[PDB]
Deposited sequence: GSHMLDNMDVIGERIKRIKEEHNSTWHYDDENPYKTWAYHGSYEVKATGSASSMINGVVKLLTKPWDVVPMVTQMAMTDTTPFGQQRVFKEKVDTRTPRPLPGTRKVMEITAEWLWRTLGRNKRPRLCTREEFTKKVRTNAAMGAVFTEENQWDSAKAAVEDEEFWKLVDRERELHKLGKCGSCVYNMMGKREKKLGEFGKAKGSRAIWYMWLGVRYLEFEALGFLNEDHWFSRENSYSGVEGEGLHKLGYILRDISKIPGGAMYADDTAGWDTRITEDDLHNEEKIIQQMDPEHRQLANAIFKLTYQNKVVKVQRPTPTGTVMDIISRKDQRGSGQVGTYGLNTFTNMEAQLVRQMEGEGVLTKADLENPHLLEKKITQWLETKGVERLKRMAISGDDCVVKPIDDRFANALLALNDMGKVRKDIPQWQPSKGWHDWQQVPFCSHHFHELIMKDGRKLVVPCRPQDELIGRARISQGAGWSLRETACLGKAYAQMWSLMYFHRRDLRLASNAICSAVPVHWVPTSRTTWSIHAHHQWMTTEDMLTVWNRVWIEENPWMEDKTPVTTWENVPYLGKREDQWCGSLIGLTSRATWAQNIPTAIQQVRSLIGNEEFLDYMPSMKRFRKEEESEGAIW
């Protein structure tokens, strides 16, 4: 293993030779531990509270989920505890027959995904534009420095030689440029998967990349129209830890469709940074805090460019395999067989594969499958054997599916069909309300002015106006936040890093105009393009559904807050000062 990773550790060892030591009482069991060096204190045991959102959501000061979110441990102590849980494990190797099916399915899937698109290298300019648009700090400074790009060139030259010297994944500018440079090289070689939308629904059939949260429910309702069994949405326990060396070698097959110069750089990313990896992990000690240098040959690096797409790929593959087993194409004897006949697997893929892909909605480790019947519920041999063991259920207990797409969990949400006063239907995203309120009450980091705090609060409010307007308490709180924050103040900072967030709320444009554009004009499931002229015509969930999904409507504390919200708004206004405000109540 040292032939591939040695140079990287050598550069860390040499850079930190002042404090480099081998801590013989390190906690690593399944990862190779190489050494440690002293560092400063990074992360916090608690998160800063957004005073603007908190002041305007008084009834939720007494809500347990809201309090839990106000915590989240990011210190070296919190980093170590989550590591032991799933990260520090080994996945048993799949059986030979299982490995054969995965190989036939991966080959077929990559050809299918590349039927119209050709892989290509991503550029310094694309990465720069991406860094810039997402920064509006030290990443934008690095991108504007010519010396960073000269380091990129030097690392690339090693990659072309099949060597790596600085590509280290993490759990002043010297080590920082090595990290961003590692991400740029990864982006250069594998970025086409995201940039050229290989996992869009049109390209992948099962994929939802670029669709947006506002389209996922409609996609689930369309899947519900396909004849078959129940809709299954099984959660895998720590998906990234279950990515095997066999999965990595199947994912690598995309390089076969690349141009020689691209193939060379993607192969270096696959072989030196995915199939071999050097990781930095913070750890507290009685002496203080150290940074551990560890390595392994399998699993997925969660904070990588290709992670989403390669997880989507491997999950589409794993679900097709489960679908085959449910249909009796794959038996127990087939999975143990090192001489498994390809014919019936190839025939099923060529005749049914695309139709079987359309029965799914797959976003990384998140999947929804509507099989041809319910034999799938008990088709667990290949799923467990591939290492994709379901969370919190005995390995061999049949999966429980749903007969109503509206009950199906997907991407931390469920989706409701609403009837508007004019008879038109909307399919909206929803989640337990405490999770939405709890998230909005948190400000990222510290040292943020009231101005910056109010603008993030405004971002949360406008996200609720656009995605969660159907929740009575969220429309009320949203109107209260937007009434309390100056009209011309632009929402700054993101409400989420979700791949499904299109951030249509990151504006000073009128929210009802934005609502109309998203839900009416640009909505392909809205045949009638008549604009909604008032929020009075923007529907709510049925009162009972709003309550089942966490609404405090019907409670006294809620009626008191609603009646007295102009007072709290006026308090936020007086602390912000003499600015232009609009009353949305």
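Against the full deposited sequence, the model leaves out several stretches, namely 1-6, 143-153, 189-204, 619-635.
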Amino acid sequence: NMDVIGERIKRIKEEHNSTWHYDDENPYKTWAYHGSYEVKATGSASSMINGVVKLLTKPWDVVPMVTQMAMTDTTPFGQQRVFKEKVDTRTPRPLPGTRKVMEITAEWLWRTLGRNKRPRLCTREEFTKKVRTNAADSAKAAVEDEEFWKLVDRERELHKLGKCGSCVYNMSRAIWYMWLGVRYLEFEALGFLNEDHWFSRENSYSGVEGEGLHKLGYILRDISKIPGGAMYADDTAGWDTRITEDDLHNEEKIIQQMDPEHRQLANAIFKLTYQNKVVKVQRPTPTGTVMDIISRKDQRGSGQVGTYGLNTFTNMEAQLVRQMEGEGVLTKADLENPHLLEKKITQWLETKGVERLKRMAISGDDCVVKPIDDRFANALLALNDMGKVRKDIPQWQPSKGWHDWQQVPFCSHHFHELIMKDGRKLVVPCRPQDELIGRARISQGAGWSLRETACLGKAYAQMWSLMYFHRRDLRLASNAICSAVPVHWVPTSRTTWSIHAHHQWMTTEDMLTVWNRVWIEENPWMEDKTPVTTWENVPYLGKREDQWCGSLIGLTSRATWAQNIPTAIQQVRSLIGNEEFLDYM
From here on, numbers count along this sequence of modelled residues.
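Rigid core (definition): largest C-alpha set, two forms, superposition within 1.5 Å.
Greater average departure of CA atoms from the shown form, over structures and residues in 7 other deposited structures of this protein after a core fit, characterises 173-181 among 173-181 and 100-108. The segment moving more, judged by mean Cα distance from this form in 7 other deposited structures of this protein after a core overlay, is 138-146 among 160-168 and 138-146. Higher average CA B factor: 286-294, of the stretches 392-400 and 286-294. Higher mean CA temperature factor, per the PDB entry, when comparing 521-529 with 32-40: 32-40. You'll see in the entry that, of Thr556, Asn537, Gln547, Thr57, the Cα B factor peaks at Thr556.
Note on the listed residues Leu541, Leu552, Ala70, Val53: the highest Cα temperature factor in the record is that of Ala70. Ranked within its chain, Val279 lands in the highest third, by CA B factor from the PDB record. Looking at the C-alpha B-factors along this chain, the one for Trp149 belongs to the highest third. Split the chain's modelled residues into thirds by C-alpha temperature factor. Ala333 is in the middle one. Among the modelled residues of its chain, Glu452 has a C-alpha B-factor that falls in the highest third, as given in the PDB entry.
The entry lists a Cα temperature factor for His416 that places it in the lowest third of the chain's modelled residues.
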